[PDB]
Amino acid sequence: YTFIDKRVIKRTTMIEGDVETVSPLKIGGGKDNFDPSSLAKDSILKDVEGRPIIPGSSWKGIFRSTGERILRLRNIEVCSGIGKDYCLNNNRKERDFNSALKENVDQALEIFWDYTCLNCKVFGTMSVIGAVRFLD
RNA sequence: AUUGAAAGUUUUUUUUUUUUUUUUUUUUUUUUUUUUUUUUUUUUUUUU
């Protein structure tokens, strides 16, 4: 039950890798302004020094969608982790979880372990922080 | 119409002076404005 409990960090895993673009890459820069010395009107997201960084949000979204596809392939039920559609809401256990938050923590942990999916318990869901952090 | 009477118990004198309801006493001790959201989809550098 250490997976959900964030009080104690009993392990720490870190992956540092290099991403090489086999195909051309275009991360949308907002298509609303071209502040730096870009090339086309639809500028990609870049640092003030011109460095075209990749947002951590994009990594998180890509990983979440790929995991959704993988779990759907493995016939494993999974939340959508977006909008008003997470299996906390789908299972109608949100009110009980909110009550348990003020109440004994063990009940909240049991609820979040039994009535919860994997993607929105790993990447995180509403009012719960995910276990994994994505950097830029 | 008394043995038979006609006299203010009155004048005069400030219950006044000395003395700060005063000294000491911090409306503070605790609480991360975080939390789930891919700037995405559509478009053949192209003809008489």
# chains A, B, ... in the order shown; residues from 1 in each chain; ligands from 1
>>> residues_around(residues="residue 121 (chain A)", least_positions_apart="2", cutoff="12 Å", atoms="only C-alpha atoms (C1' of nucleotides)", output="ChimeraX atom specification")
/A:3-6,64,78-81,86-88,109,111-119,123-132 /B:36
>>> closest_atom_pairs(of="chain B", to="chain A", cutoff="7 Å", atoms="only C-alpha atoms (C1' of nucleotides)", output="Markdown table")
| residue | atom | partner | partner_atom | distance |
| --- | --- | --- | --- | --- |
| B:35 | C1' | A:127 | CA | 4.3 |
| B:36 | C1' | A:126 | CA | 4.1 |
| B:37 | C1' | A:82 | CA | 5.8 |
| B:38 | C1' | A:58 | CA | 4.1 |
| B:39 | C1' | A:28 | CA | 5.1 |
>>> write_last_selection(atoms="C-alpha atoms (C1' of nucleotides)", output="PDB file, in the first residue's frame")
ATOM      1  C1'   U B  35      -4.895  18.643  -8.429  1.00  0.00           C
ATOM      2  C1'   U B  36      -6.443  15.923 -12.763  1.00  0.00           C
ATOM      3  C1'   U B  37      -5.970  18.420 -19.153  1.00  0.00           C
ATOM      4  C1'   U B  38      -0.576  16.220 -25.412  1.00  0.00           C
ATOM      5  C1'   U B  39      -1.674  23.510 -28.484  1.00  0.00           C
TER       6        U B  39
END
>>> select_by_dssp(residues="chain A", states="strand (DSSP E or B)", output="list in words")
residues 28, 44, 82, 85, 124, 125, 128 and 129 of chain A
>>> select_by_dssp(residues="chain A", states="helix (DSSP H, G or I)", output="PyMOL selection string")
chain A and resi 56-73+87-90+94-102+105-114+119-122
>>> decode(residues="region 15-48 of chain B", atoms="N, CA and C atoms (P, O5', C5', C4', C3', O3' and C1' of nucleotides)", output="PDB file, in the first residue's frame")
ATOM      1  P     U B  15     -19.726  76.520  56.693  1.00  0.00           P
ATOM      2  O5'   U B  15     -18.829  75.301  57.188  1.00  0.00           O
ATOM      3  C5'   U B  15     -18.764  74.088  56.443  1.00  0.00           C
ATOM      4  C4'   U B  15     -17.338  73.713  56.127  1.00  0.00           C
ATOM      5  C3'   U B  15     -17.153  72.724  54.974  1.00  0.00           C
ATOM      6  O3'   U B  15     -15.968  73.060  54.259  1.00  0.00           O
ATOM      7  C1'   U B  15     -16.149  71.860  56.916  1.00  0.00           C
ATOM      8  P     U B  16     -15.784  72.596  52.735  1.00  0.00           P
ATOM      9  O5'   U B  16     -14.279  72.986  52.404  1.00  0.00           O
ATOM     10  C5'   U B  16     -13.912  74.339  52.189  1.00  0.00           C
ATOM     11  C4'   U B  16     -12.508  74.606  52.663  1.00  0.00           C
ATOM     12  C3'   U B  16     -11.456  73.613  52.203  1.00  0.00           C
ATOM     13  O3'   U B  16     -10.994  73.873  50.893  1.00  0.00           O
ATOM     14  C1'   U B  16     -11.209  74.012  54.517  1.00  0.00           C
ATOM     15  P     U B  17     -10.291  72.707  50.047  1.00  0.00           P
ATOM     16  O5'   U B  17      -8.848  72.574  50.700  1.00  0.00           O
ATOM     17  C5'   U B  17      -7.930  73.653  50.661  1.00  0.00           C
ATOM     18  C4'   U B  17      -6.646  73.284  51.350  1.00  0.00           C
ATOM     19  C3'   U B  17      -6.021  71.981  50.889  1.00  0.00           C
ATOM     20  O3'   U B  17      -5.246  72.161  49.719  1.00  0.00           O
ATOM     21  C1'   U B  17      -6.048  72.070  53.258  1.00  0.00           C
ATOM     22  P     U B  18      -5.284  71.074  48.544  1.00  0.00           P
ATOM     23  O5'   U B  18      -4.133  70.055  48.946  1.00  0.00           O
ATOM     24  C5'   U B  18      -2.928  70.520  49.532  1.00  0.00           C
ATOM     25  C4'   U B  18      -2.184  69.395  50.198  1.00  0.00           C
ATOM     26  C3'   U B  18      -2.275  68.051  49.501  1.00  0.00           C
ATOM     27  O3'   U B  18      -1.389  67.954  48.404  1.00  0.00           O
ATOM     28  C1'   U B  18      -2.574  67.777  51.839  1.00  0.00           C
ATOM     29  P     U B  19      -1.964  67.855  46.911  1.00  0.00           P
ATOM     30  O5'   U B  19      -2.059  66.291  46.654  1.00  0.00           O
ATOM     31  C5'   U B  19      -0.977  65.432  46.991  1.00  0.00           C
ATOM     32  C4'   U B  19      -1.320  63.988  46.739  1.00  0.00           C
ATOM     33  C3'   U B  19      -2.124  63.738  45.467  1.00  0.00           C
ATOM     34  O3'   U B  19      -1.750  62.486  44.899  1.00  0.00           O
ATOM     35  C1'   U B  19      -3.369  63.015  47.346  1.00  0.00           C
ATOM     36  P     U B  20      -0.867  62.453  43.559  1.00  0.00           P
ATOM     37  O5'   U B  20      -1.901  62.841  42.410  1.00  0.00           O
ATOM     38  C5'   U B  20      -3.199  62.261  42.376  1.00  0.00           C
ATOM     39  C4'   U B  20      -3.749  62.192  40.975  1.00  0.00           C
ATOM     40  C3'   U B  20      -4.063  60.785  40.480  1.00  0.00           C
ATOM     41  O3'   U B  20      -5.185  60.828  39.601  1.00  0.00           O
ATOM     42  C1'   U B  20      -2.417  61.762  39.094  1.00  0.00           C
ATOM     43  P     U B  21      -6.672  60.645  40.182  1.00  0.00           P
ATOM     44  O5'   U B  21      -6.771  59.092  40.517  1.00  0.00           O
ATOM     45  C5'   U B  21      -7.195  58.158  39.531  1.00  0.00           C
ATOM     46  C4'   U B  21      -6.248  56.990  39.430  1.00  0.00           C
ATOM     47  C3'   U B  21      -6.440  56.098  38.206  1.00  0.00           C
ATOM     48  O3'   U B  21      -5.173  55.607  37.776  1.00  0.00           O
ATOM     49  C1'   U B  21      -6.660  54.804  40.157  1.00  0.00           C
ATOM     50  P     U B  22      -4.664  55.887  36.281  1.00  0.00           P
ATOM     51  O5'   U B  22      -3.095  55.649  36.363  1.00  0.00           O
ATOM     52  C5'   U B  22      -2.251  56.610  36.973  1.00  0.00           C
ATOM     53  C4'   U B  22      -1.188  55.943  37.800  1.00  0.00           C
ATOM     54  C3'   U B  22      -0.533  54.729  37.170  1.00  0.00           C
ATOM     55  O3'   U B  22       0.466  55.068  36.226  1.00  0.00           O
ATOM     56  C1'   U B  22      -1.120  54.231  39.397  1.00  0.00           C
ATOM     57  P     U B  23       0.686  54.148  34.931  1.00  0.00           P
ATOM     58  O5'   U B  23       1.638  52.985  35.453  1.00  0.00           O
ATOM     59  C5'   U B  23       2.814  53.287  36.187  1.00  0.00           C
ATOM     60  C4'   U B  23       3.556  52.034  36.568  1.00  0.00           C
ATOM     61  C3'   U B  23       3.468  50.895  35.570  1.00  0.00           C
ATOM     62  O3'   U B  23       4.395  51.043  34.513  1.00  0.00           O
ATOM     63  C1'   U B  23       3.126  50.075  37.771  1.00  0.00           C
ATOM     64  P     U B  24       4.056  50.468  33.055  1.00  0.00           P
ATOM     65  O5'   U B  24       4.233  48.895  33.213  1.00  0.00           O
ATOM     66  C5'   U B  24       5.489  48.338  33.566  1.00  0.00           C
ATOM     67  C4'   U B  24       5.340  46.913  34.029  1.00  0.00           C
ATOM     68  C3'   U B  24       4.656  45.970  33.054  1.00  0.00           C
ATOM     69  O3'   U B  24       5.521  45.495  32.039  1.00  0.00           O
ATOM     70  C1'   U B  24       3.716  45.692  35.195  1.00  0.00           C
ATOM     71  P     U B  25       5.003  45.401  30.522  1.00  0.00           P
ATOM     72  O5'   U B  25       4.976  43.839  30.219  1.00  0.00           O
ATOM     73  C5'   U B  25       4.158  42.965  30.988  1.00  0.00           C
ATOM     74  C4'   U B  25       3.185  42.211  30.121  1.00  0.00           C
ATOM     75  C3'   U B  25       2.711  42.967  28.883  1.00  0.00           C
ATOM     76  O3'   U B  25       2.444  42.035  27.836  1.00  0.00           O
ATOM     77  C1'   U B  25       0.860  42.478  30.255  1.00  0.00           C
ATOM     78  P     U B  26       3.645  41.410  26.970  1.00  0.00           P
ATOM     79  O5'   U B  26       3.256  41.760  25.466  1.00  0.00           O
ATOM     80  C5'   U B  26       3.035  43.106  25.065  1.00  0.00           C
ATOM     81  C4'   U B  26       2.900  43.245  23.566  1.00  0.00           C
ATOM     82  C3'   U B  26       1.826  42.381  22.907  1.00  0.00           C
ATOM     83  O3'   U B  26       1.264  43.102  21.814  1.00  0.00           O
ATOM     84  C1'   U B  26       3.920  41.900  21.943  1.00  0.00           C
ATOM     85  P     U B  27      -0.289  43.509  21.826  1.00  0.00           P
ATOM     86  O5'   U B  27      -0.941  42.568  20.720  1.00  0.00           O
ATOM     87  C5'   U B  27      -2.180  41.908  20.958  1.00  0.00           C
ATOM     88  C4'   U B  27      -2.158  40.496  20.430  1.00  0.00           C
ATOM     89  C3'   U B  27      -2.232  40.366  18.910  1.00  0.00           C
ATOM     90  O3'   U B  27      -1.428  39.267  18.487  1.00  0.00           O
ATOM     91  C1'   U B  27      -4.025  39.188  19.895  1.00  0.00           C
ATOM     92  P     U B  28      -0.491  39.412  17.192  1.00  0.00           P
ATOM     93  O5'   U B  28       0.503  38.175  17.298  1.00  0.00           O
ATOM     94  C5'   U B  28       1.554  38.166  18.257  1.00  0.00           C
ATOM     95  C4'   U B  28       1.881  36.767  18.717  1.00  0.00           C
ATOM     96  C3'   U B  28       2.240  35.779  17.609  1.00  0.00           C
ATOM     97  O3'   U B  28       3.215  34.862  18.097  1.00  0.00           O
ATOM     98  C1'   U B  28       0.350  34.993  18.787  1.00  0.00           C
ATOM     99  P     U B  29       4.314  34.243  17.103  1.00  0.00           P
ATOM    100  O5'   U B  29       4.022  32.681  17.150  1.00  0.00           O
ATOM    101  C5'   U B  29       3.292  32.124  18.229  1.00  0.00           C
ATOM    102  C4'   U B  29       3.035  30.655  18.027  1.00  0.00           C
ATOM    103  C3'   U B  29       2.718  30.227  16.605  1.00  0.00           C
ATOM    104  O3'   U B  29       3.886  30.040  15.826  1.00  0.00           O
ATOM    105  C1'   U B  29       1.151  29.268  18.092  1.00  0.00           C
ATOM    106  P     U B  30       3.820  30.125  14.225  1.00  0.00           P
ATOM    107  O5'   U B  30       3.098  28.774  13.794  1.00  0.00           O
ATOM    108  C5'   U B  30       3.719  27.520  14.028  1.00  0.00           C
ATOM    109  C4'   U B  30       2.773  26.380  13.758  1.00  0.00           C
ATOM    110  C3'   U B  30       2.233  26.286  12.343  1.00  0.00           C
ATOM    111  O3'   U B  30       3.149  25.680  11.451  1.00  0.00           O
ATOM    112  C1'   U B  30       0.466  26.013  13.886  1.00  0.00           C
ATOM    113  P     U B  31       3.271  26.204   9.940  1.00  0.00           P
ATOM    114  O5'   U B  31       1.957  25.648   9.242  1.00  0.00           O
ATOM    115  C5'   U B  31       1.688  24.253   9.231  1.00  0.00           C
ATOM    116  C4'   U B  31       0.586  23.901   8.267  1.00  0.00           C
ATOM    117  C3'   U B  31       0.715  24.514   6.873  1.00  0.00           C
ATOM    118  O3'   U B  31       0.269  23.575   5.900  1.00  0.00           O
ATOM    119  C1'   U B  31      -1.342  25.161   7.845  1.00  0.00           C
ATOM    120  P     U B  32       1.325  22.916   4.886  1.00  0.00           P
ATOM    121  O5'   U B  32       2.026  24.171   4.203  1.00  0.00           O
ATOM    122  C5'   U B  32       1.299  25.020   3.323  1.00  0.00           C
ATOM    123  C4'   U B  32       2.211  25.727   2.352  1.00  0.00           C
ATOM    124  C3'   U B  32       1.534  26.209   1.075  1.00  0.00           C
ATOM    125  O3'   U B  32       2.192  27.383   0.608  1.00  0.00           O
ATOM    126  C1'   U B  32       3.194  24.618   0.535  1.00  0.00           C
ATOM    127  P     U B  33       1.383  28.764   0.506  1.00  0.00           P
ATOM    128  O5'   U B  33       1.052  28.903  -1.044  1.00  0.00           O
ATOM    129  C5'   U B  33      -0.275  29.168  -1.482  1.00  0.00           C
ATOM    130  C4'   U B  33      -0.853  27.989  -2.222  1.00  0.00           C
ATOM    131  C3'   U B  33      -0.514  27.916  -3.708  1.00  0.00           C
ATOM    132  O3'   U B  33      -0.366  26.552  -4.089  1.00  0.00           O
ATOM    133  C1'   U B  33      -2.861  28.000  -3.430  1.00  0.00           C
ATOM    134  P     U B  34       0.629  26.148  -5.281  1.00  0.00           P
ATOM    135  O5'   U B  34       0.406  24.581  -5.438  1.00  0.00           O
ATOM    136  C5'   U B  34       0.567  23.712  -4.322  1.00  0.00           C
ATOM    137  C4'   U B  34      -0.255  22.454  -4.460  1.00  0.00           C
ATOM    138  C3'   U B  34      -0.149  21.741  -5.805  1.00  0.00           C
ATOM    139  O3'   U B  34      -0.256  20.337  -5.589  1.00  0.00           O
ATOM    140  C1'   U B  34      -2.396  22.298  -5.392  1.00  0.00           C
ATOM    141  P     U B  35       0.437  19.302  -6.600  1.00  0.00           P
ATOM    142  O5'   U B  35      -0.756  18.826  -7.538  1.00  0.00           O
ATOM    143  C5'   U B  35      -1.840  18.060  -7.021  1.00  0.00           C
ATOM    144  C4'   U B  35      -2.788  17.667  -8.122  1.00  0.00           C
ATOM    145  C3'   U B  35      -2.731  18.579  -9.342  1.00  0.00           C
ATOM    146  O3'   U B  35      -3.026  17.820 -10.510  1.00  0.00           O
ATOM    147  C1'   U B  35      -4.895  18.643  -8.429  1.00  0.00           C
ATOM    148  P     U B  36      -1.829  17.243 -11.410  1.00  0.00           P
ATOM    149  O5'   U B  36      -2.571  16.370 -12.513  1.00  0.00           O
ATOM    150  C5'   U B  36      -2.995  15.049 -12.223  1.00  0.00           C
ATOM    151  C4'   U B  36      -4.391  14.796 -12.726  1.00  0.00           C
ATOM    152  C3'   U B  36      -4.672  15.216 -14.156  1.00  0.00           C
ATOM    153  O3'   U B  36      -4.185  14.294 -15.114  1.00  0.00           O
ATOM    154  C1'   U B  36      -6.443  15.923 -12.763  1.00  0.00           C
ATOM    155  P     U B  37      -3.126  14.772 -16.224  1.00  0.00           P
ATOM    156  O5'   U B  37      -3.974  14.846 -17.571  1.00  0.00           O
ATOM    157  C5'   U B  37      -5.231  15.510 -17.601  1.00  0.00           C
ATOM    158  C4'   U B  37      -5.520  16.126 -18.943  1.00  0.00           C
ATOM    159  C3'   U B  37      -4.327  16.789 -19.619  1.00  0.00           C
ATOM    160  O3'   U B  37      -4.489  16.716 -21.034  1.00  0.00           O
ATOM    161  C1'   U B  37      -5.970  18.420 -19.153  1.00  0.00           C
ATOM    162  P     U B  38      -3.881  15.477 -21.857  1.00  0.00           P
ATOM    163  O5'   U B  38      -2.797  16.140 -22.816  1.00  0.00           O
ATOM    164  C5'   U B  38      -1.760  16.959 -22.287  1.00  0.00           C
ATOM    165  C4'   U B  38      -0.699  17.261 -23.316  1.00  0.00           C
ATOM    166  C3'   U B  38      -1.092  18.278 -24.383  1.00  0.00           C
ATOM    167  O3'   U B  38       0.063  19.013 -24.781  1.00  0.00           O
ATOM    168  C1'   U B  38      -0.576  16.220 -25.412  1.00  0.00           C
ATOM    169  P     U B  39       0.403  20.424 -24.093  1.00  0.00           P
ATOM    170  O5'   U B  39      -0.215  21.503 -25.088  1.00  0.00           O
ATOM    171  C5'   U B  39       0.428  21.824 -26.318  1.00  0.00           C
ATOM    172  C4'   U B  39      -0.528  21.731 -27.481  1.00  0.00           C
ATOM    173  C3'   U B  39       0.078  21.980 -28.860  1.00  0.00           C
ATOM    174  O3'   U B  39      -0.567  21.139 -29.812  1.00  0.00           O
ATOM    175  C1'   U B  39      -1.674  23.510 -28.484  1.00  0.00           C
ATOM    176  P     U B  40       0.295  20.399 -30.945  1.00  0.00           P
ATOM    177  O5'   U B  40      -0.693  19.288 -31.509  1.00  0.00           O
ATOM    178  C5'   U B  40      -1.027  18.151 -30.732  1.00  0.00           C
ATOM    179  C4'   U B  40      -2.431  17.691 -31.019  1.00  0.00           C
ATOM    180  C3'   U B  40      -2.857  17.752 -32.475  1.00  0.00           C
ATOM    181  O3'   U B  40      -2.402  16.644 -33.229  1.00  0.00           O
ATOM    182  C1'   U B  40      -4.539  18.710 -31.129  1.00  0.00           C
ATOM    183  P     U B  41      -2.230  16.769 -34.820  1.00  0.00           P
ATOM    184  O5'   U B  41      -3.719  16.711 -35.373  1.00  0.00           O
ATOM    185  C5'   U B  41      -4.546  15.588 -35.115  1.00  0.00           C
ATOM    186  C4'   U B  41      -5.890  15.739 -35.776  1.00  0.00           C
ATOM    187  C3'   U B  41      -5.861  16.150 -37.235  1.00  0.00           C
ATOM    188  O3'   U B  41      -5.599  15.066 -38.105  1.00  0.00           O
ATOM    189  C1'   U B  41      -7.463  17.446 -36.082  1.00  0.00           C
ATOM    190  P     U B  42      -4.872  15.328 -39.511  1.00  0.00           P
ATOM    191  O5'   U B  42      -5.978  16.074 -40.377  1.00  0.00           O
ATOM    192  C5'   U B  42      -7.204  15.436 -40.697  1.00  0.00           C
ATOM    193  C4'   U B  42      -8.089  16.354 -41.495  1.00  0.00           C
ATOM    194  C3'   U B  42      -7.430  16.991 -42.703  1.00  0.00           C
ATOM    195  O3'   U B  42      -7.438  16.135 -43.829  1.00  0.00           O
ATOM    196  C1'   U B  42      -8.554  18.649 -41.452  1.00  0.00           C
ATOM    197  P     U B  43      -6.058  15.726 -44.533  1.00  0.00           P
ATOM    198  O5'   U B  43      -5.737  16.975 -45.462  1.00  0.00           O
ATOM    199  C5'   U B  43      -6.743  17.519 -46.308  1.00  0.00           C
ATOM    200  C4'   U B  43      -6.193  18.602 -47.200  1.00  0.00           C
ATOM    201  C3'   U B  43      -4.753  18.394 -47.659  1.00  0.00           C
ATOM    202  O3'   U B  43      -4.604  18.865 -48.996  1.00  0.00           O
ATOM    203  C1'   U B  43      -4.928  20.446 -46.502  1.00  0.00           C
ATOM    204  P     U B  44      -4.586  17.822 -50.216  1.00  0.00           P
ATOM    205  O5'   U B  44      -3.056  17.761 -50.654  1.00  0.00           O
ATOM    206  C5'   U B  44      -2.032  17.508 -49.699  1.00  0.00           C
ATOM    207  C4'   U B  44      -0.756  17.041 -50.351  1.00  0.00           C
ATOM    208  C3'   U B  44      -0.080  18.057 -51.267  1.00  0.00           C
ATOM    209  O3'   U B  44       1.333  17.894 -51.193  1.00  0.00           O
ATOM    210  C1'   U B  44      -0.633  16.123 -52.506  1.00  0.00           C
ATOM    211  P     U B  45       2.198  18.824 -50.211  1.00  0.00           P
ATOM    212  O5'   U B  45       2.657  20.039 -51.131  1.00  0.00           O
ATOM    213  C5'   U B  45       3.761  19.910 -52.020  1.00  0.00           C
ATOM    214  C4'   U B  45       3.540  20.685 -53.296  1.00  0.00           C
ATOM    215  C3'   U B  45       4.709  20.680 -54.277  1.00  0.00           C
ATOM    216  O3'   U B  45       4.201  20.716 -55.604  1.00  0.00           O
ATOM    217  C1'   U B  45       4.208  22.901 -53.665  1.00  0.00           C
ATOM    218  P     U B  46       4.416  19.473 -56.595  1.00  0.00           P
ATOM    219  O5'   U B  46       3.221  19.623 -57.634  1.00  0.00           O
ATOM    220  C5'   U B  46       1.882  19.409 -57.219  1.00  0.00           C
ATOM    221  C4'   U B  46       1.080  20.686 -57.232  1.00  0.00           C
ATOM    222  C3'   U B  46       0.868  21.336 -58.585  1.00  0.00           C
ATOM    223  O3'   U B  46      -0.130  20.697 -59.357  1.00  0.00           O
ATOM    224  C1'   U B  46       1.451  22.986 -57.005  1.00  0.00           C
ATOM    225  P     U B  47       0.236  20.139 -60.815  1.00  0.00           P
ATOM    226  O5'   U B  47      -0.938  20.677 -61.746  1.00  0.00           O
ATOM    227  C5'   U B  47      -0.850  20.538 -63.157  1.00  0.00           C
ATOM    228  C4'   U B  47      -1.843  21.416 -63.877  1.00  0.00           C
ATOM    229  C3'   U B  47      -1.567  21.591 -65.367  1.00  0.00           C
ATOM    230  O3'   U B  47      -2.799  21.711 -66.072  1.00  0.00           O
ATOM    231  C1'   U B  47      -1.502  23.699 -64.302  1.00  0.00           C
ATOM    232  P     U B  48      -2.924  21.120 -67.560  1.00  0.00           P
ATOM    233  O5'   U B  48      -3.897  22.139 -68.299  1.00  0.00           O
ATOM    234  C5'   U B  48      -3.624  23.535 -68.305  1.00  0.00           C
ATOM    235  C4'   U B  48      -3.980  24.160 -69.629  1.00  0.00           C
ATOM    236  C3'   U B  48      -3.169  23.654 -70.821  1.00  0.00           C
ATOM    237  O3'   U B  48      -3.991  23.655 -71.987  1.00  0.00           O
ATOM    238  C1'   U B  48      -2.846  25.980 -70.578  1.00  0.00           C
TER     239        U B  48
END
